[PDB]
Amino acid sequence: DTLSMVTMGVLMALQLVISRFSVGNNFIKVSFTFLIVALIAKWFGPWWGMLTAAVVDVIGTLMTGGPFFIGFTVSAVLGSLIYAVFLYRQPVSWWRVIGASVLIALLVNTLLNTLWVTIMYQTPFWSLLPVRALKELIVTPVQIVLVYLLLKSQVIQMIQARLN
């Protein structure tokens, strides 16, 4: 298209910024990147969702300092996928959002888990499984609420109209 094409690129730029940041205390602080991945899925996905998701996860990890691993960009792809199927061309719902975030959280923590347990690092699977499932079970209700408030804000709606 073009406007859709450009706006998505802008969102990708937006995603990188928020990725430089976190809110929290010690070294338990979470990024809000999931917001942008949900946004794009809702307005564009899942075809464009997965594509952009892939590009941002890769261009992103590479630019920060982190270790390239094709499975993470896979992991990124499923998220934009789960979001879009739940959130694409559908009215926003508490369950819609809830089910999307939960289906993701169990692959933000299972699928993501093996990816480092695999050959990247040796780290024992069934022993890290708790710590992730612990950590990413308390960010979840935040992510649920936030995604909901983002998509039903008057700002997003305002723009959503302008894109249609």
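In case it trips you up, residue 1 is the first one in the sequence shown, and so on.
Per the record, averaged over C-alpha atoms, which has the higher B-factor: 50-58 or 92-100?
Per the deposited B-factors, the answer is 92-100.
Identify the stretch, either 140-148 or 21-29, whose C-alpha atoms have the larger mean B-factor according to the entry.
That would be 21-29.
When the modelled residues of the chain are sorted by Cα temperature factor, does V117 land in the lowest, middle or highest third?
Its C-alpha B-factor belongs to the middle third of this chain's values.
Using only modelled residues of the chain, where does the Cα B factor of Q157 rank: lowest third, middle third or highest third?
It belongs to the middle third of the chain when residues are ordered by C-alpha B-factor.
Please rank the C-alpha B-factors of the chain's modelled residues and tell me whether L128 sits in the lowest, middle or highest third.
Its C-alpha B-factor, which the entry lists for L128, ranks in the middle third among residues of this chain.
Going by the entry, which third of its chain does the Cα temperature factor of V108 land in?
It belongs to the middle third of the chain when residues are ordered by C-alpha B-factor.
Sorting the chain's CA B-factors, does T7 end up in the lowest, middle or highest third?
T7: CA B-factor falls in the lowest third of its chain.
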